[PDB]
Amino acid sequence: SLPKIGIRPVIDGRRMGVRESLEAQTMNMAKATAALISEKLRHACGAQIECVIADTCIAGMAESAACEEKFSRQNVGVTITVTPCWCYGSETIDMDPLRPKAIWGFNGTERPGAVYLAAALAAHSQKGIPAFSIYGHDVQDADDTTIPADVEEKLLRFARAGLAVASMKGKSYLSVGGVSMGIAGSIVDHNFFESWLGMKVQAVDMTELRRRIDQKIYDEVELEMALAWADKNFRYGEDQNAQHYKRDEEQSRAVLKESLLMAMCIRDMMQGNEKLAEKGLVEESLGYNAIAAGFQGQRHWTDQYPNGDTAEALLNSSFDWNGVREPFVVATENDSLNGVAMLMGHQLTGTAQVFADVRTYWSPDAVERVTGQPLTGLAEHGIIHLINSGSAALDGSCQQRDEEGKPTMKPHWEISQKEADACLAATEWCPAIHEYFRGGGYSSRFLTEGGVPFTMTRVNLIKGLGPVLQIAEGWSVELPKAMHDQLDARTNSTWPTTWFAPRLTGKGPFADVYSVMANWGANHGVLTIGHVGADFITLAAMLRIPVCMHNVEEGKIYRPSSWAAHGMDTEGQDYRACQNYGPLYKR
Amino acid sequence: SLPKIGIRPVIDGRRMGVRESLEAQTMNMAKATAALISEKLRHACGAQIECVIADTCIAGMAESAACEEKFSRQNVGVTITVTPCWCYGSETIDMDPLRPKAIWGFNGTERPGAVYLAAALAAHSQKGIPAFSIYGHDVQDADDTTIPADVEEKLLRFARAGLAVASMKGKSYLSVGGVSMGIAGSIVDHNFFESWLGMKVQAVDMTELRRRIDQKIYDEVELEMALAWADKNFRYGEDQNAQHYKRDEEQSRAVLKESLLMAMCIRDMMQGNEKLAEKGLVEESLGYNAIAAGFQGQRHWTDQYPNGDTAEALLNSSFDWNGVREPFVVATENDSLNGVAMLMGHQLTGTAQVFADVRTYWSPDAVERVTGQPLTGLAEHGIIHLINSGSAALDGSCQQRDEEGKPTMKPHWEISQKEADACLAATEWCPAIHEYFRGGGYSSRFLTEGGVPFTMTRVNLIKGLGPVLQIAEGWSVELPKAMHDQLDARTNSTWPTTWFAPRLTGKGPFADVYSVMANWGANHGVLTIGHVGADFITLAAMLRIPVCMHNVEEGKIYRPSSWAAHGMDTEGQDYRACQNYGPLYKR
Amino acid sequence: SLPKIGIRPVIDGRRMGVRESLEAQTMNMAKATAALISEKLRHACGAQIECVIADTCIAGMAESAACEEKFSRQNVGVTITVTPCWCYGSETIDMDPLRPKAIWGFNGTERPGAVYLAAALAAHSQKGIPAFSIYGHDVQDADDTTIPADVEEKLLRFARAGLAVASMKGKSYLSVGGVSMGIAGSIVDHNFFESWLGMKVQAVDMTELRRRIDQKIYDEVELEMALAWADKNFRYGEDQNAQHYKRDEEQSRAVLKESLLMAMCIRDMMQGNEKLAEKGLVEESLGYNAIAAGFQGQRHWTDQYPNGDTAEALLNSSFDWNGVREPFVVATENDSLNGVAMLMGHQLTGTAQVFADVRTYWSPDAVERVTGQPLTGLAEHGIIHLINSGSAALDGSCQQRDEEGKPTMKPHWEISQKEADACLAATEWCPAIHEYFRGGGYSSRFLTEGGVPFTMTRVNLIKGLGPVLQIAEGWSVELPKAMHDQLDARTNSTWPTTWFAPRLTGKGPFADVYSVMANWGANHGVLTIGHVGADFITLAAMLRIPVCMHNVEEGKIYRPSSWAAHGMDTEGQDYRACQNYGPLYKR
Ligand SMILES: [Mn+2]
Ligand SMILES: [Mn+2]
Ligand SMILES: [Mn+2]
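Protein chains in written order, with the authors' numbering: chain C, 5 to 591; chain F, 5 to 591; chain B, 5 to 591.
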């Protein structure tokens, strides 16, 4: 069952007609908040966000304890306190240190809820339980019940990030394999998951995956559907292996058969499968309660079996042979930390997530030297070649369309079957180069459309400091055919490409495009649809994860108010604040 | 190359016949220090210990810098400073923070080396680079060159532990697989290894072990030679599987072939193998430079392939089909912490290391009730049943015998081929139980001889504290045959057994045998020949690992001098000193 | 023996075509790197920098360990890892926490070394052993082996700073005396030298210097030579003492005898002298293995003996009566911390360093008032008067000429006996003011040619924070003869002067010349030739000394990549990182 949002209507507790004349506007403010959250947001899996409201208004500790009573039978993992009047600070606040929480005070004069706001926040900072401030810019009249725009932005940005926190809590990351080729993020730090994210790590040796294929621990008929669906939809590309390693058609099919089985089995390991209990496999039917996972792959699987290019691509996509569905989060090379960003991205936007190698920086001087023509448009300052080593959510094609017909990526509940199939139509499945992937495989090649707003992210673990978050907002660019073809043939022309131009600021890591590339803390990165840096910044704050690098605009930074107290500078306050509060779940 | 010991003859710098009169004595003291070590100790692998001696006696920084220059070319991992006279304190001490160091000062009057000792230990403690103190009880005459027994004991103990520290440095732990059945020690902590031991960790998925077998990455002739040896030498035990799950003589054969192959490939992966380079297989031939390893096994491997019972038991022995050799160190269930303790065990003694489940405490009352007779002798206060899940070095039979003819375990260089054969002859190979090990395997059942002194060790990781070492000295015991048979049938009769009685002290966890069992901080322990507690304590202080439990006498506790300054109490001083100096290699 | 630079060619392990295709290009990359360093850089003492290359390319732990055995024995104090391909991250990195480390990734598409780069740094940052990123701006063709300019700059800045770190390790600072007149820097912090610089501190009482002179512990024949050379070249200036304190010739000669004997004797105390051993003085022959020194002088030496003016100036110079040579580092007033800035400067340039009082800030207003003229050219924003109290390296005249006409200070291997003679000739040796230096002495007066680019530095020790480094890049300026003669005579006309204009930046302590003066954290500073701010910064980052004050171009800040993780702000990231990683050799 899913996490719910709690709403606390707090009130001035004194009578003689004072409390009485506020009970109507106060409850109504609560119900307006819950309606707005339910109207305008869903959980990432698509279900409706349920809100829970206190039975009475809250004036002091007796009502607060009864509200908490109620909240705690109902699995609420985020709370919003609201009021249009003075109330008695520390008598009425939410003392629970785990849940993200915010307070919204009506900017009024007959109704001075934002004066409670200031005192309630002071209580919060003083008691070490930071809270988020919702305070509208414009005085509203005592009877105006319309929620303004600046308020809505904050109520929705907060609610979104908080549900992301609540939804991770209790869940698993499934490490299918160990380290891949000495990549840092594939050394899965269990304490990081437990302490900062409230998550668990289940480790399972890639042999288990081989056992499930070999011992028929999957729905045999689902495979037939998968193969049938691949025949209908899969357009193949040129095998670029040397002739003596090229595979024939019977070998080619068995490779495709195994690849799709890989996907099915991994998925089954993540979320369970009822059909296995029906076959006498009750233990294997449960799965491991994982909301994200890693597949090591290289080297020990790929030196003998088909690679996970195809399974990674499909499981991270918004659809497969069973129809459109919520994308999973499955990380190439068991890179758990790229896995966590993907997970953050998915919990924030409801959409599919593109794993990427941060492959090349193409400077203007360099692009001219080799193609004889200049980088232009959004691309003029330099450009970054993002291109995973085989696999990417097919959504990354960006053949899905928004209401003005522009190319984009959507949440699964608004993806039609025509758009799913157009994503496939943009994709050519290419044989894995044998020497690297000795057991074979099919890479999901597509070319991401131009001018699409994107946000690149990466979590890194730093000894002595801990987790940090990197963020770079930009756009995909569209290169002239001759130019694209040339830089692509030179690189890895069997692999999915996105050409990325980061927005610059003139300052620090965003002085020029080279600086963006050079300060990136790993070889992998995550691409999330939209400009969603502010959403990441907020969530990084609820998790007490410093943001070490970002290009989001000053005025959009939204953190608990006690951050302001660790400094005016928006980087210094964050390291100090994050140092102070530490990880949420244990230290 | 092996670590060398550096020996520093340090002297009074002033002349007018003073220094001149002390040169012979000072340098001959240094050479006798070297001769004693090389007579009495060997590296764990069996090689001679090499001791480098400075070119000149050292009376200041110039000569000290020359000595360090000389030592930095000869791979010296531990130093001993010796002197018969007064010398200039901080001008002469070894300043290297990383290496075990000690100071032996001659306890004379005309030759007051122990006065320098006191002053140098003070500089060491004030400059934060602790050193061990060697100071004989009895005043010695100025021309006495013989080394008293109390000084020998300390020099030898300091060197044992010192070289263990230096031999782990730079080397790998090989994790073949990941976590086994959620056991803490098999969630492998790369940082503990890097920071406390100066080791790296190579992780490898168990599918590489499969790949090596399937794709014939091994010496094909050695297998045949190994199978031959196995046929000739292996006694077999009653097959206790239910009839429908039993294997036939053909499938039995295969389980054996594969069990020995795993032995071979795990070994090959640990240390490399040049036959693979002859064979065309140049990448696999190097190995991973591991002095310890673990094999995950359950669940994911053993649910389809033969178990590591035979591999682990043979590898952990001082002998296989290629004859007597140094025993390897391979933890069952990838229990890396038991690994470390076996590592420490093997480096301190050169002997084979018994991995055990700390399985049952049998109180006096419990034994009377189930058998109708009481425990008596060394067992009268209670008994701890030590018994791994199928594997244990065959040395552990203790069929090997000393000069007195008593049962014992020995360094591999004192083991005759007659004794190797005798340990095999005391061993019966028993089929794995199918329900638990679905791909089969052969366990290694022997009963450990009684009256042999052992030391039970375990390392654990405590969040917020770091590594700790537990130690229990005691003796194996022999039960009368009806008692043994009865308790054995009740427990896991196909597995190797050792009945252990820990020496009690009346205090703490050693107040009674129950408390020893209760305080043990994991399901697994390691059993090391003799009473080697003091060696382990010394080694731990060198690694700054607090010892949270031991039963060693106060007067044998031997640690760096600056531990006295942390308190009179032998536990308080230990936690505070380790907290102060912290891990050796980093942070 | 001198530190060497170790080069680690790193490569994809997989065979079957791939590794074999890369062995040549990888190993040449490495050969070309070593070659660049040996052709373009020298040790400060002038010797050729030897490099050591792994015997094979490194693709995993076995070769990594092999490369380390070869480095361990060859005195490698710094490593540069190079690759043109993808490699297995944390299996191939250099794990030694003490050594400065660089990684160079080739920016190719077919050769994606920079992708290894990003993944190895992530591994470095994750494991707490920061490493410098060397990454070219422009993509090179697979077949291009030219090393671009931006890569060259960083290879050399890194190497230059790396050798400085390793050249200090194990060497002594010789404190000749103790505190001089309550100056902080002269209360020598032994723990600072040992923990941050890996050095030792040998203290000696000035009476020992008195002893060498009076009992003739020096080369008597050399003394006749040193006098004859002084006679020929020493141009004596005016005696500004009140008449009753001037000295006859016979008394003035005795002062010069001794001033020169102080140079010989301090030098011999620093580094030994084999002639003392010919003369039967075996103990005093060894020296104290010092690379830096300080001489207290005031108050207790100078109230009865000739001061250190002449000695300090000649020892700090690149020449004396035995010809050109490496300049020593000898701090006046035993200001050990100015000694540290000097040693740093000498290690990073091979040049003579200029010890200075930061004496007077002359504002624009104030020069108008006093001289009638205004400050023009580089002096227009303010000037700072740099005048040590009696001595300075004669190199600081800037009578040396570079390959052009221009005035400069040079590495001694590029200094002619002509340019030595010339440096002496632009210097007047003026008697010491008796009331301050009652033992007499000769001050070394010269005036520094203007327009010369200079970097000013100081190390300060801040209780509760540790060491911090101060940098100010600027120029010497020339002033009208009438303007300078007013300011000189108002101040201290017998001491060497340099007029200094610091380059401003609008913000912080570089907002105006006043603020540079006001924020300088000591009364003393060091002058180093050229704009070597960025060298100081990089060397400071290697030693984990935060920079509290600098006017260096943002874009030239070159620090280990894990600094970037501690923030975008280039100052906050430095305090956080330094606080994290702490001193190199012990905490
Ligand atoms: Mn990748
Ligand atoms: Mn077990
Ligand atoms: Mn002064």
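Note that the Cβ used here is the ideal one computed from N, Cα and C, for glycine as well.
Spell out the partners DSSP gives residue i in its beta bridges.
i: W366(B); result: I387(B)
i: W479(B); result: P457(B) and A505(B)
i: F299(F); result: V180(F) and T336(F)
i: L451(F); result: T501(F)
i: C434(B); result: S447(B)
i: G470(C); result: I466(C)
i: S42(B); result: Bridge partners of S42(B): none, in fact.
Can you tell me whether residue i is buried or exposed? The criterion is at least 16 other CB atoms within 10 Å of its CB, across all chains shown.
i: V481(C); result: buried
i: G394(B); result: buried
i: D272(F); result: buried
i: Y177(F); result: buried
i: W305(F); result: buried
i: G298(F); result: buried
i: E439(F); result: exposed
i: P310(C); result: buried
i: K175(F); result: buried
i: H248(B); result: exposed
i: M229(F); result: exposed
Using a Cβ-based criterion (distance less than 7 Å to any ligand heavy atom), does residue i qualify as near ligand 4?
i: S395(B); result: With respect to ligand 4, the structure shown offers nothing to examine, as its ligands consist of ligand 1, ligand 2 and ligand 3.
Give me the chain B residues within the contact set of residue i, using Cβ-Cβ distance strictly less than 9 Å, ordered along the chain.
i: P513(C); result: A568 and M572
What residues of chain C sit near residue i, judged by a beta carbon separation below 7 Å?
i: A207(F); result: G182 and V183
i: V22(B); result: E439
Which chain F residues are close to residue i, counting only those with a beta carbon under 8 Å from its beta carbon?
i: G276(B); result: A66
List the residues of chain F whose Cβ lies closer than 9 Å to the Cβ of residue i, in chain order.
i: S5(B); result: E73, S76 and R77
From which residue to which residue does the alpha helix (DSSP H) around residue i run?
i: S263(C); result: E253 to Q275
i: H128(C); result: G117 to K131
i: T314(F); result: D313 to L319
Got a sec, what are the start and stop residues for the beta strand (DSSP E) residue i sits in?
i: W200(C); result: Not the beta strand (DSSP E): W200(C) falls in the alpha helix (DSSP H), residues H194 to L201.
List, in chain order, every chain B residue whose beta-carbon is nearer than 8 Å to that of residue i.
i: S367(C); result: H141, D142 and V143
Which residues in chain F have a C-beta closer than 7 Å to the C-beta of residue i? List them in chain order.
i: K131(B); result: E198
Check your understanding: Along the segment 293-323 of chain F, what residues have a CB closer than 7 Å to any CB found in chain B?
Key -> Within the segment 293-323 of chain F, the qualifying residues are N293.
Check your understanding: In the segment 329-347 of chain F, which residues sit with their C-beta less than 8 Å from some C-beta in chain C, listed in chain order?
Key -> Sequence-ordered contacts of the segment 329-347 of chain F with chain C are nonexistent [C-beta pairs closer than 8 Å].
Check your understanding: If you measure beta-carbon to beta-carbon, which residues of the segment 208-228 of chain F are closer than 8 Å to chain C?
Key -> Listed in sequence order: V208, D209, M210, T211, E212, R214, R215, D218 and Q219.
Point to revise | Cβ-based contacts, 8 Å cut-off: residues of the segment 465-485 of chain C near chain F | key: Considering only beta carbons, the part of the segment 465-485 of chain C lying closer than 8 Å to chain F consists of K467 and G468, in chain order.
Check your understanding: Along the segment 520-553 of chain C, what residues have a CB closer than 7 Å to any CB found in chain B?
Key -> So the list reads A522, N523, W524, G525, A526, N527, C552 and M553, given in the order they occur along the chain.
Review point. Any residues in the segment 357-382 of chain C with a beta carbon nearer than 8 Å to a beta carbon of chain B? Which ones, in chain order?
Key: So the list reads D361, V362, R363, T364, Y365, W366, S367, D369, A370, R373 and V374, given in the order they occur along the chain.
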